[PDB]
Structures are given as C-alpha cells and as structure tokens.
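Residue numbers (this note's numbering), protein chains in the order written: chain A, 6 to 380; chain B, 6 to 380.
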C-alpha cells in the first residue's frame, strides 16, 4: 500500500508514526458524511466528483480514507430493471457498433423490444459500470465511529509492511490464541509477549497473509490495556513502530469471530485413536517449553510418553527451522505438520516436520512418526 | 499462451486501430535486446534504468512492451546463496531495527554465523526485492521474433475489452472448435463465422475469461487466411475493430496446448450408460441445427433416437437465453448443462437448462430430462 505509506505516516530517526485522526477531524468526517448523504439517488461518479471537489493537499488522505470506510458500508444498486448485458446484446446485434447515424433508431427499436423508453435503454446500456451504480443507502455511522474505523484501518495497513509485530494484552488471551490459529499466523510466545511474523518476512502470498494478520488487530485493541511494537520494512529501509493503549488513539471495539469447525480435529482423532492404541486430547491447552509457549492442536499419549501435535498455518523455512531449534533444547516432544498449500516461501529440504500433500494429511506417515516418537 | 501489455491504439470516428510494430521498429527492438544482453550479471534495477533512459514520448509503449516480452522469457536469480528471510530474522532478532548504532556490529556477527563476509550479508539482506534480482540468462530471440510476439500480445490485449469478437479461418476448424471448448468460451457458429462473446459482456471473472479468450488468438492467426472483427467497449464508448491476414501484420506461429483432465466426462458416460442403458458417444462431431452449429460434449442414442448434450463453459444469463432461443424450434434435441461455478453474471432464474451444484452434475435431473427427450 505505497500511497498510504508515503502520505499517512511520518518517518523520523528510524521511527515511523501514523497520522491518526482525532476529534480535530470531526468537521472533516461530517463533511464526508454530508457528501454521501447528498449523493443518495445519484451515480457513484457524482459522489466521487463531490469528494474530489472538497479535497485539498492537507485533507486529501483523510477524505479518501473516510470515504473508503463509508463506501464499504454503503449500498449501491444498478440504475435499471433491465439486464445491461441483454440490452447490449440486443443493440449490438442490430448493428449499433457499426452504425453512427442509425444509433438513435436502434435505441428506439430496443425500447419497443424491452417495453420501455429510449431514456431507459440509454440508462440501462452501461448500467453495469461501477461509476454508474446508484448510491441507495448510507450507513448510520457517527463522525466518532468514522474516525475510529479510519484509525483501525490505518494501523492494519501499516502491518502489511511489517517484518514482525509483537503485542501484549491484559485479558482475552484465550480468544487471541484461538484467533492466531484460525488465521494461520506464524507466532511466537515468550511470557506475556506475542510475536507475529509479518508479510515483509515471507516471499509469496503477501496480500493473503497480510489480510489474515490484519484481522487480529481489532481483537488486540479491545483489551483494557495493550501495547504493540512492530518492525516495518519500506524498500531497503527499516523503521520501529510502537503504540499502546496509553496513547489514547480513538479506536473501535469491533466484533471478531472468523470461526470454524472441529471436523479435521474429529477426523484426525478418529483416524489415529484405535489404529495407534493412543489417548488423544483435542486443544489440550497452551504448553510452556523453556522460555517459549505453544498452541498445540492435539496431545497424544501412550504408555507414559507424550507427543504434542501442532498444525502450522502459513509458514516459511526460516520460521519452521527457528521453531524447531527452540523446541530442540526442551523436554516436550512436538510433531509439526505443515500444509504445502500454505508455504509462503521457496520449496526446500525441511526435515523433522510432516508435509501435507495437496492440503491433506498423510496419515500413514503421521502414524509411523508418532509410533517412533511414542516409544 | 499470453502475456498482458499496454494497449497502444488509435481511435477515430468509432473505429479503433492497433499500433503494431513493423520493420520500422527494428532498430528499437535491437536496442531493447542490447539493453538486456548488456545487463547480464547486473540487477533488475540497472536493466530498468537503461530502459527508462532510452524511452521517449513516441516509443515508450513499445520499449516497455518489448522489454516485458524479453523479461518473461529471461532468467533472474537471487544475488546470494543465503536465504534473505533467514538473514533478516537473524539481524532483526539482534536489534538491527532498534539500534542503528550497532548495525555494523550485528552485520559482522551475521557474517560469522553464516560463514561469509559482511558484504555478502549486505547483498543477501534485501535480495528478495525484485529490484535486486540478477539477470542470468536472456533468450536468444531475434528482433523479428520480438516484433511478432509484441504484435500478438497487442492483439490479445485488445480482446480484454471486446464485447464480442467474430472470425473466419481457412483451415484448422476442428482444432479451433476443440480449443473453444477446452477454454470454456461462449461461442456462436453461423456458417463460416465464429462469434466469441468477450469479457466486456460479462459482469465478473473478466480477467480469467479474457485470459482464456486470449489463448484462442494464436490459433486463429496460424491459418493461411483469417479475418477478425470485434466490438470494443471502453467506458461508455464503443469502437469497431477489424483485421485480416491481408493486412500483413508480422505475427508468430505458436504451438497451442491447453491441459484437460476429462474426469467428469468419463464418469458421465459410465453412469448414463449404466442407468439409462443407452449408447453414449464422447465428443461427437460439430452439428448443424438450423442456421447455426454447435460443439456438443456427448451424443446419446437409443432405439434410433438421438439427443446431444453440451456442457457450457463460462456463461451469462443473456448468452444462455439467446442460445436456448436459437435451439428452440429446431429439429435437433440438445440438453445444456451449466456450471454454477462458471456463471460470470448475477444469479437468476434460468430454466430449460440443468445447473450443476458446486461444480457437480445432478444425475437425477439429467437422466429424467434425457428420458423425456429420448421418447
């Protein structure tokens, strides 16, 4: 997101700061709301011209950013009951493109065929263009909520260029750990500090990973106390970013779920249990190993031995190799399964982990490794 | 069989013409090729700077288009044997981002950890940037081949804005008809004229559809004689385009291959044979019905009665309703199956066709319909 970086952040002495909106921007937020309200019943093109007219060097980014929020929560509709594709099909089959003088006549024939007026045909002809969509509903969002959502969006946008983002929260740890796993994030826990590998630390799937990462931020800033630190890469330059609840930035408290099902969990247990003669506990709980903590998917036990199993999300070779070294100096035994469709990195020799095939777990390989680990 | 490009066209009085390259652009092609050859061993940024320097107002689209063709056929490599993600993980974990004053020290530690020099650490650190990839191999392409490939890419690019493209070829009809089906194109055949609905006539999947349509063009222009006509939409403006082999545009002769699975096909044959007790012929010939011709997927024969079955590719409600109307009161009996995953249009009530469910054929519906047609 180049534009935002060069324009809604400031860089100084190796640090990067975001140009958050505050109560000082109340009048600007209201002016954007008024531009949307005035454009109800009009084409998106007319709304955009209103926004361009109010834009000045000083307010340009916030006008754009506020309007992006309102547009996302607004309802647009096509301007005609007619199908634009069927209208154009009819017109083009009667020679519309190869005519010039005859076009008004061809439009009049269409109006008879579709039981309407020439003006309705003309409205329908290109009604599938985005510029032609009609604003029909504007959300009932206050200036303050607009400013809060803009600031959350800005914080999320910055994290698309993060090499790593670390945070602490005063509560909601259980939900956050569940979110990290559902979102497939690369994580590291040390004490109260939770470090998320960012998209500037992967080779591919950057937008997909960054989008997933961004869904975690609304849950962080909902805690009564929280602190974020991040390392940001911009071309060959690096910057340190830091924000906490004590900075009193206006931010929302948005509902976050992005939930799932326990189908694989049950499928995995049912496939391993009697085959292996083993006890399996699903989501057994955070396990501490040395100075680090892990969020395993399964605990597998037989005789007096134990093996934790964790299914990674997005991954790179450097991330998995680092995780493996950290687990090698500790008593816990852990089997990591990595998905080949989530490799955000070059293909390489990675041992000690089990690799999926086309997104499916290889159960015989898992069974044999587990047998070897459990004896 | 496509690389995207910048359009470069002339528009005049409702007609659009492409700015094809010719022998007049030989010296420019030679200069672009030399910029690549003289950059082997250098970084992508250094190559691009040579191209920026040679660009002028009148030729920048060809400089950039020629270079894009060469780049796609060139080989680039990362500048060190080190994994940049691993190097940055090491550097950043030692405080690289937060202690500018220690960076030379931290880089020297990395050089010891990775068994190399500080200068290699500095090369590897941001070696995953596109600007820093090294040009290692340039294709042996000639100025004439570059001009031919540019012209094909230009013609292909224009069709991304086509509402429809119609063509005639003097030979290779069977291969062209097979390709139309393999590519999932919306087609209509009338005598020698083959009309392809273009991506300006669908609401979504426009990149996917236009890319598929682009792959048909190399097969058209390989015929001894050919002629293309198209209707082009740009915003709310329409243009007529026409080109034939008689215009003597320099074009390539490319081998065209599209990978096909055919798994759904085989299962359809076996199930219908068993449940219906009929003969099922895969990929029968082209069939004429009225003034139009069709490329069916199956012919089902029972006690002398015959029913054709066609599985559409990409589709719109407009296209399918027009197709159904042309089939309406013709002798031949044809059943159309559409795939819900290939609808490039709004959801609507379409009847007289069978709609797949999550890309799977509904066999009860198909069999019952076939029985009604087979009696």
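Virtual Cβ for every residue (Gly too), placed ideally from N, Cα, C.
Worksheet item: Any beta-carbon of chain A closer than 8 angstroms to the one on residue 279 of chain B?
Response: no
Fill in: Beta carbon proximity, residue 94 of chain A to chain B, threshold 8 angstroms
yes
Item to complete: Spell out the partners DSSP gives residue 98 of chain B in its beta bridges.
Response: Note: residue 98 of chain B sits in no beta bridge, so no partner.
Practice prompt. Could you run through the stretch 167–183 of chain B and flag, in chain order, every residue whose CB is less than 9 angstroms away from some CB of chain A?
Written response: 168 and 169
Discussion item. For residue 184 of chain A, report the span of its alpha helix (DSSP H) as first-last.
Written reply: 178–187
Worksheet item: Does residue 327 of chain B get closer than 8 angstroms to chain A when you measure Cβ to Cβ?
Response: Yes, residue 327 of chain B lies at the interface with chain A (some Cβ there is under 8 angstroms from its Cβ).
Worksheet entry | Terminal residues of the alpha helix (DSSP H) in which residue 134 of chain B lies | Segment: none, residue 134 of chain B is in no alpha helix (DSSP H) and carries neither H nor E.
Item to complete: Quick one: residues in its chain with C-beta nearer than 8 angstroms to the C-beta of residue 11 of chain B, no 5 flanking neighbours on either side, listed in chain order?
Response: 66, 69, 70 and 162
Discussion item. Quick check: the stretch 305–313 of chain A against the stretch 280–288 of chain A, are at least 3 beta-carbon pairs closer than 8 angstroms?
Written reply: yes
Fill in: Supposed close pair residue 359 of chain A, residue 372 of chain A - CB separation, criterion 8 angstroms
Not confirmed; about 11 angstroms, so no contact.
Worksheet item: Whole beta strand (DSSP E) runs in the stretch 207–291 of chain B with 3 or more residues, listed along the chain?
Response: 231–239, 242–249 and 284–287
Worksheet item: Between which two residues does the alpha helix (DSSP H) containing residue 303 of chain B stretch?
Response: That residue, residue 303 of chain B, is in no alpha helix (DSSP H); its beta strand (DSSP E) goes 303–307.
Item to complete: Output, in sequence order along the chain, the residues in the stretch 203–217 of chain A whose CB is closer than 8 angstroms to any CB in chain B.
Response: 206, 207 and 208
Item to complete: Report yes or no: is there a C-beta of chain A within less than 8 angstroms of the C-beta of residue 88 of chain B?
Response: yes
Worksheet item: Taking only beta-carbon atoms, is residue 162 of chain B less than 8 angstroms away from chain A?
Response: No, because no Cβ of chain A sits closer than 8 angstroms to the Cβ of residue 162 of chain B.
Discussion item. Check whether the stretch 43–58 of chain B and the stretch 190–210 of chain B are in contact - that is, three or more C-beta pairs closer than 8 angstroms.
Written reply: no
Item to complete: Counting only the same chain and skipping the five closest in sequence on each side, list residues whose C-beta sits under 6 angstroms from that of residue 186 of chain B.
Response: 300
Fill in: Length of the line joining the Cα atoms of residue 90 of chain B and residue 331 of chain A
Rounded to the nearest angstrom, the two C-alpha atoms are 17 angstroms apart.
Discussion item. Taking its Cβ as the centre, do 16 or more other Cβ atoms sit within 10 Å of residue 241 of chain B, making it buried, or is it exposed?
Written reply: Per the 10 Å Cβ criterion, exposed.
Fill in: Own chain residues within Cβ distance below 7 angstroms of residue 156 of chain A, not counting five before or after
25, 26, 254, 255 and 256
Worksheet item: Skipping 5 residues on each side, what residues in its chain have a beta carbon closer than 6 angstroms to that of residue 72 of chain B?
Response: 37 and 56
Practice prompt. Taking only beta carbons into account, state which residues of the stretch 119–140 of chain B come closer than 9 angstroms to chain A, listed in chain order.
Written response: 130, 131, 133, 134, 136 and 137
Item to complete: Round the Cβ separation of residue 244 of chain A and residue 20 of chain A to the nearest angstrom and send it over; I've been treating them as touching at under 8 angstroms.
Response: 6 angstroms
Worksheet item: Would residue 40 of chain A pass as a contact of residue 59 of chain A if the rule is Cβ separation under 8 angstroms?
Response: yes
Worksheet item: Given that a residue counts as buried once 16 or more other Cβ atoms are within 10 Å of its Cβ, and exposed if not, what is residue 324 of chain B?
Response: buried
Discussion item. In the DSSP assignment, the beta strand (DSSP E) including residue 172 of chain A goes from what residue to what residue?
Written reply: It spans 167–174 - the beta strand (DSSP E) in which residue 172 of chain A sits, taken as one unbroken run.
Discussion item. Considering only their Cβ atoms, is the gap separating residue 349 of chain A from residue 321 of chain A smaller than 8 angstroms?
Written reply: yes
Discussion item. If you reduce the DSSP assignment to three classes, tell me which class residue 191 of chain B lands in.
Written reply: Residue state, collapsed to three classes: coil.
Item to complete: List the residues of chain A whose Cβ lies closer than 7 angstroms to the Cβ of residue 103 of chain B, in chain order.
Response: 245
Worksheet entry | DSSP-derived helix/strand/coil call for residue 311 of chain B | strand
Item to complete: Put residue 339 of chain A into one of helix, strand or coil per three-state DSSP.
Response: Shown here, residue 339 of chain A sits in a strand according to DSSP, grouped into three states.
Worksheet item: According to the Cβ coordinates, are residue 63 of chain A and residue 142 of chain A closer than 8 angstroms?
Response: no
Practice prompt. Would you list the one or two residues that DSSP bridges to residue 321 of chain B?
Written response: Note: residue 321 of chain B sits in no beta bridge, so no partner.
Fill in: Cβ-based contacts, 9 angstroms cut-off: residues of the stretch 321–347 of chain A near chain B
321, 322, 323, 324, 326 and 327
Worksheet item: When you compare each of A:85, A:357 and A:292 to residue 179 of chain A by their alpha carbons, which one comes out closest?
Response: The residue from A:85, A:357 and A:292 with its alpha-carbon nearest to that of residue 179 of chain A is A:292.
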